[PDB]
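Have a look at the structure below before the remarks.
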Amino acid sequence: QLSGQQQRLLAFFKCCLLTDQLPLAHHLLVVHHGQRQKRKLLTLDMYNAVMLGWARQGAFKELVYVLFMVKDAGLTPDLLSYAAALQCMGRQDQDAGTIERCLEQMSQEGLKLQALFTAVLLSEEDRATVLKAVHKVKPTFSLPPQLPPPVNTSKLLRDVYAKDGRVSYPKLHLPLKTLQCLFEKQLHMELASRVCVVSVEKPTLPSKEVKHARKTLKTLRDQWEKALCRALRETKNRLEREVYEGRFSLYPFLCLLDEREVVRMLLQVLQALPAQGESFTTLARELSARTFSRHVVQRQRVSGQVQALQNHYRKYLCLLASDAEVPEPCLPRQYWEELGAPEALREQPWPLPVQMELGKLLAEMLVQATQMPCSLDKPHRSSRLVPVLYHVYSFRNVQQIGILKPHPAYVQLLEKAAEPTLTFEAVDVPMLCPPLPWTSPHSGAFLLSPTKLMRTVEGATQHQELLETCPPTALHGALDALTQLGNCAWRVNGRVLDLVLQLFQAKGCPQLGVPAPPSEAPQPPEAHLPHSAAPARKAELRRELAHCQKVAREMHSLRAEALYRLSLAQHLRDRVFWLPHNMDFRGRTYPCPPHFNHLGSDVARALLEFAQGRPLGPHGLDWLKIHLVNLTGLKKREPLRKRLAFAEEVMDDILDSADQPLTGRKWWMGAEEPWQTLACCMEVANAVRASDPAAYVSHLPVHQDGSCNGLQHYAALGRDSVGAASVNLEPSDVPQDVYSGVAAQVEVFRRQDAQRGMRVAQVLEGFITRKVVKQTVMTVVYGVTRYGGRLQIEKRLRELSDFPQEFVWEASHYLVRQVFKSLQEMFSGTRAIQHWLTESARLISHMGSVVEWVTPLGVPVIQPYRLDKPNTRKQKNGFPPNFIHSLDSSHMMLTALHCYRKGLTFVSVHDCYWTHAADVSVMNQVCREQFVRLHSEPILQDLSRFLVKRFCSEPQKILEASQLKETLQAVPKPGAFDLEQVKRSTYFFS
Amino acid sequence: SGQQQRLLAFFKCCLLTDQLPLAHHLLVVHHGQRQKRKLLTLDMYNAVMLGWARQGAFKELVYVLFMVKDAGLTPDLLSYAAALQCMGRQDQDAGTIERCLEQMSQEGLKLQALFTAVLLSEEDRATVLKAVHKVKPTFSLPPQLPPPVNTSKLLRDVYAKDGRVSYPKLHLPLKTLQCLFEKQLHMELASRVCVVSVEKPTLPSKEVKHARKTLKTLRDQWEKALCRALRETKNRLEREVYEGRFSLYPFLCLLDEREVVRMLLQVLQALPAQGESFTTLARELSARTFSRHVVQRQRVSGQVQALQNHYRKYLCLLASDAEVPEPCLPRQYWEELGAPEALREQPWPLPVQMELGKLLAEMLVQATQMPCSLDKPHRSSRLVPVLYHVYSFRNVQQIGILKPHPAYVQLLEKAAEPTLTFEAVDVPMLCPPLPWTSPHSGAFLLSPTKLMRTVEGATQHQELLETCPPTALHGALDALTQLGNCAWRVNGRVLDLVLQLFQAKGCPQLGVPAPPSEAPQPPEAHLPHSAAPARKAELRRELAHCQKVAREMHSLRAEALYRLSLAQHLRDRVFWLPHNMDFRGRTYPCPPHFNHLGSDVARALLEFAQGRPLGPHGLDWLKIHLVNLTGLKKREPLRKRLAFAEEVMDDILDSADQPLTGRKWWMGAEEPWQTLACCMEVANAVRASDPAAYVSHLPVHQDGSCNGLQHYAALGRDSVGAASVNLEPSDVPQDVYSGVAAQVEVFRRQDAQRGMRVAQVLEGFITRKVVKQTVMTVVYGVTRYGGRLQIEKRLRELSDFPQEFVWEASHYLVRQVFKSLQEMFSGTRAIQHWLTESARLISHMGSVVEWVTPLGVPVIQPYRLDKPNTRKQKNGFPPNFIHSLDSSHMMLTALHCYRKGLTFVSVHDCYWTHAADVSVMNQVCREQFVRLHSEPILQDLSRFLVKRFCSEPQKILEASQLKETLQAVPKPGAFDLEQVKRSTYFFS
């Protein structure tokens, strides 16, 4: 293994190279080498770092001095050190004989020069210096030719990669010059890394108290900045003493970012810090990530990599631009590969313990430096000054990790001030230019800010290691799909935005989902009274207050989230923007901006519509009407003809809702998805108002979704005739709702349980609505051991006023068990697959390894569950949802790539597939075809054989691995139902 | 303003630290800014000149003098003396000194008068006189005056010059007293005492040794961290000295850095598992630093040696073997002899002290680090705070609480360290206390002890004491000195039995805390999370209640362990308990950890080291006192109780011989350990051939049923009141509490008929033991929740009584007792209502009520509203005035008993004295009570309040109403005052 000391010393040496403090790295290395025990901790790569850093400052003498230390340690110089030495020799410009002698010494060891250069990664400047040194010597350069980017030879991906002649790739509507200007704006945003957005909430005319509060907030922040600068200087001096002593220090890490940048960033953190508060460890991780991102941006700027990125990006923009024409159309990643932009050396992050130590130091400096009076400076500096941040321990013992809470007075000051400027990170806001193509897992999305492929922080290092272990050829399909999802252009709808802004400014609406303001919140009417003075009653009053304040606290968190989302929507209202997409561990694609994203809320779904415009065509108007009926949720069981007829019947309501959403009949409010229903009525009204519906262009996406996507995968895997009919895989004239059947089975179980002693069924009698059973089914299948999913089922039960909330906790558990039995009964295949997957997972977890599998697309997925070793219950429960999530992601990526060959704009939000109304029919045919192709491959057998290779061939526990082999061998038998029927089924997605 | 005070305190500390160039850096910056020059006060200039005189640098002092000249205010007499002091050091010419005297004479009084007017240090006054001597004008030093004596009739007999005085002399020889003084001096210089823990020490396990080694490494790591943080803060503060801002650097310099580091560690040891308030800790840290600083300053000056010589001369008077020709009071002896006066006795200003304490506390919290020391990982990668701040519900208020982490607590328990560190003030003195010549200086010789133990109202009360004539203070000071002079020895037998029970569980009835402190609760609760949301919350609340109840026992265990630790440390050594005065004036023992007032067990342990023979009546008194401790036959006469003692004598002897394995009759008694000790003293008496020959060290307690009620019944002379409280002579003693219980019972019957069900809850549970505390809360409690909590605690002890309505029952009980008192006694109500109305009106005006006792020591109520508090002053005044009268009566009794030679101390109502002395003490205390009420206290109170508040221009109309209220004093009743002398049941 590798001990922690090497992972701190290596980080310190590399960091000291990036800060031009080589005399200090030399000092520390001298002290370390001098002590025998510390010399053991010193590794060859650290020496290959110190020498390389000296080898850029043009110092050959110190290089040979460190070489005396390398020989003294007994290490043998590797390919890296020889190359650093050759790169240093050229700078001194000594005669070619020395270079030839170095080549002779290299020849004595088992090493070459071209092979050594290929094997060991080097910077472009240093590689050029080495090459120039070799050119000075007698040997010619003799550079081997490059390797043309390979393509995936998987049966699923051979269509997209083999271009042939059937290519109709899409091109962005915006002209090339507009894309370049947008890129320059995004580049400016990335450089400053702070986006200032006007607060959407209406600003009242400032009162005298409000003005005073703003002057207080300005004075305080300035005092906090001076204090932060002083604290940073003191910490830097102490850490420099640690450098001279010979112990690992964070002094270069502090040096990498400018002092003013550190101070301003900490102040920005305080503004972003919610009233609720944030965990200290999370805050430290966030601070370290911000420091690393701003350092990567600064390093790229000083190196000149940014300018090369601009030229390469402009050439890449020519492909996307409609006006510019490229002779051979190719996928965006492939085009970027043809340009050959150089992946940055600094893209890789620091080691995780060092990052934690740095972030904790920044948070500790912030709390100690910032002090404000509880009295808020109303008395003349008589009241004690107390730190703004307060460490809070949930458990008194030092074993529980403490968290951080903002000052109560500071929160009040923030409210009273009502500042209109909102500070956002560059990563947080959506990109103003098309995202950088995902050439590699590590490098993609935001151009200047590194975005790792895995958004999840749990198990991040392991999954990334698997990503690099996997051949790049396999990864490319997922990377191409992610690039395609990023390339889609989004424009904020003006009308929907205006209506939500209206409601948001004053009161809001709960049914619509516009969060209520603090004034609306149920504040307690009176404080403890003389009659209530009894300590029992006072304690009860404090508990009710704790509940009321908890509800108010949640409402503030929801309104603040809505405020940020609508402020970004207003900011990006007139400007076309691109949402980059990132992959979780399960492989589901999630948009990188947290604050503004379509998945997060229904209102966000309504706001977002495609900037690119495609005409409706003959069937587009009908698809819009069918979409409108789907959003209401009326006649879901009824076929698409009945839905269209209902749309014609309710057309008068549709038009009236479009003309007046607020003062109208408000039929859209009655619909299950109100804002999306309103947007669809404001597109159908525009279509009918236009003389030709086919001529009219529908920006708004149309969403097609299976009732449960996991159930359809399970049904496909087992080929169950009953299962296919239930989830609509089998063609039918009338679609069958899979949730209704689960509800009926839960109802018969409820009747049986009512006869039994248990009263939970009696409590739930008449309240087991179909929507609750749908959320429960999704929680059971997609969600694994989730407190939030169970809280969501509980939330659905709470929404029903008639249902008593005294037994909501056990009613939710009962619903989870009854659904888990219902599905297992109705679906013969699903239970067998789930049981086999769980049994295999538990056996792998017990042996001490985490379950690892490769998706049919090719990207490896590893469960990140860690018992403080794999967690037996979590891994065994986690494997069926994660496997079916990986299958759903693979099907979505296949659908996306094939729809990109035909030119359709495709994005995926949860189960729903979003595309233009004209494109819907083609997208439906493509997704049925891809689903059939995905399940045509023997998914279960491939998984069984990969698990056998990964874990069954284990010396440590052969017998348990033998039992695992026996359970893996008994794969479920395919049923009578034909796979090809899925293509013919128009109700597979609807 | 406050800042000027802060800068002045900084200047005084700077002179002692000798950082005068640093003071000159601050002074020039302060003069340069016009506003800062206005902030500078004349005294700041005088200070630095005195320091420059010690240094000898004449030109800086001349610069300060010119700076005074530039300011334009008159040059003060304090500065001229400092200039002369400087001139003396470098051997300057006398003629210039005579010119300096001419400047001193100008705009000032004459050379003698100017010297008298301005206070100076012992070196300073000598230097000023020596500088005066060289000049042609004569020094003309004023003649001294003999110490004044009070002319008040009550204290006239005490101060009478007739040679009837027979002051008691301590049994210990003079040489032994000097050795004890040397031991006390060694304790004072060290300032800390190490005592072996009474609790049994188990053989250390491997885990226990590992925890001890870890604790040692942590405490030395803490000392390194504190020393480095202290140096860094000192450097920053020195940079603030140059910036001219307020700095705490000289304060930190006055105490040695090693001493400060060790003080911080001692405070961590003092902090308990529950935790202590941060502001209180800051005050305690500043007080400890001031005490150590005063000890160091006295040591370096050489005042300590003069104190030793003067105190040995004082010791000769107390010593039996040494003979003094003229008997004098202990204060009077010191006044006649040369008296060392320490200028540094006066404390630092309170806001600066708060700032210094906060700085020390912050340094303590950030410097120290504890990681819990994972034994197997041993990796320092976690937040490491020894102390954690809690919101405690009120976050806007931002009250500061500092509590140690449970990990520390578990480690301290695992190590089971025997050594315990106590402050010198905390432990009882090993030598007789210093005589109370002045209010500010008394009690501990090296550690300053102010008269006012209370921190609330401390400033105002001390100012009133200084305003008060010295002789009136002197009478109370003489009484306090007499109480301190009493010698206490720990009874070995009682302590042994307590230690054995303390080691092994003990007994709740005996008050012994329980070491296990376990409470049935699911230990792991539910291993899977949330078996049921309600049940989880229920168990969490139940575990929280168990944690609180267990913490109660831990605090009681620590208090008892500390008590016995001190009792063991002082078991073989005679010690003296100093006594101070609260705002009311009811004297209190200075040592907090070990005191007789604190617990009954301490009362049992403590017996007089000085020994007086029983005499003919001593055995009878001891038997009577045994009956008093049990509390049986209280109604029955003093002869019947004696007969009962003869009846139960076999049980008495058996219990003394075998307390643990005997009939345990003592445990059944109301005061068990006291009963056991008295049974061992009666057994020792009967074992001896002559009981009169036998010497009884044990005190005998004479206590009135209610001291306050007797005062009330005496002031109004109501016949019914006097008969109930035993002032009227009776053959069968009448108990006031029994009558109150009967009246409460009839009110309970009336309320039971009414809709209110509180009476039904209390039916059959209003026992006299409970009704007694309520009377004490009405008569002595001053809007105190804690006394009402004591009533609730008494209700909880009865298992049958439901605790669901205990709070309402306590409120009902206090109201009914209050409403039983007024109807039972007309005089008590007539006086209480008048006092409650007068205080209310004075509180409305905006002045706190101030009144002078018949002895003459002023008493001021300290209650404040964040101005006087309306709901506090009116309730507070009847008990505070009664407490002042009770204190006056006890002081008069103490002084007259001292004249006779009886050893007298007072613990609450209970008067403690030797068994032979009891009869004489009884007669003396009846005589003093009659004399105290012979003076018209109500009229004197009314006249003094008229002088203090009625002559107010601001609100004359309210003052007129107050004048009318004061004029209507309650009329004297038919009952004769002289009857109290004839009544043998006043105290019993």
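Ordering of the structure tokens sets the chain letters (A, B, ...); residue numbers start at 1 within each chain; ligands are numbered from 1 in the order shown.
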
(request) Among the residues of stretch 433-636 of chain A, find those DSSP assigns to alpha helix (DSSP H) from the backbone and print them as a PyMOL selection string. (result) chain A and resi 460-469+472-487+494-505+535-571+602-607+617-632

Residues of chain A within 9 Å of chain B: nearest atom pair and distance (Å, one decimal) for each, counting only C-alpha atoms, sorted by chain and number, as a Markdown table?
```
| residue | atom | partner | partner_atom | distance |
| --- | --- | --- | --- | --- |
| A:357 | CA | B:381 | CA | 8.7 |
| A:374 | CA | B:396 | CA | 6.6 |
| A:375 | CA | B:396 | CA | 8.1 |
| A:386 | CA | B:398 | CA | 8.8 |
| A:390 | CA | B:389 | CA | 8.3 |
| A:391 | CA | B:389 | CA | 7.8 |
| A:392 | CA | B:390 | CA | 7.7 |
| A:393 | CA | B:388 | CA | 8.2 |
| A:396 | CA | B:405 | CA | 6.3 |
| A:397 | CA | B:406 | CA | 5.4 |
| A:398 | CA | B:405 | CA | 6.7 |
| A:399 | CA | B:372 | CA | 8.0 |
| A:401 | CA | B:383 | CA | 7.5 |
| A:402 | CA | B:383 | CA | 7.6 |
| A:407 | CA | B:395 | CA | 8.8 |
| A:408 | CA | B:396 | CA | 6.7 |
| A:409 | CA | B:396 | CA | 7.0 |
| A:534 | CA | B:807 | CA | 7.4 |
| A:535 | CA | B:807 | CA | 8.6 |
| A:809 | CA | B:533 | CA | 7.4 |
| A:810 | CA | B:532 | CA | 8.1 |
```

(message) Among stretch 743-871 of chain B, which residues does DSSP mark as strand (DSSP E or B) when it is run on the backbone? Keep the chain and numbering as in the structure and answer as a PyMOL selection string.
(response) chain B and resi 850-852+858-860

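Across the model, the gap from atom CA of residue A:238 to atom CA of residue B:224 is 16.5 Å.
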
(message) What's around residue B:265 at 9 Å? Count only C-alpha atoms, leave out sequence neighbours fewer than 6 positions away in its own chain, and write the answer as a VMD selection string.
(response) chain B and resid 219 222 to 223 364

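Note that the spacing between atom CA of residue A:295 and atom CA of residue A:432 amounts to 21.8 Å.
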
(request) Might you pull out every residue within 9 Å of residue A:79, with only C-alpha atoms counted and same-chain residues fewer than 2 positions away left off, and present them as a ChimeraX atom specification? (result) /A:77,81-84,106,111-113,116-117,119-120
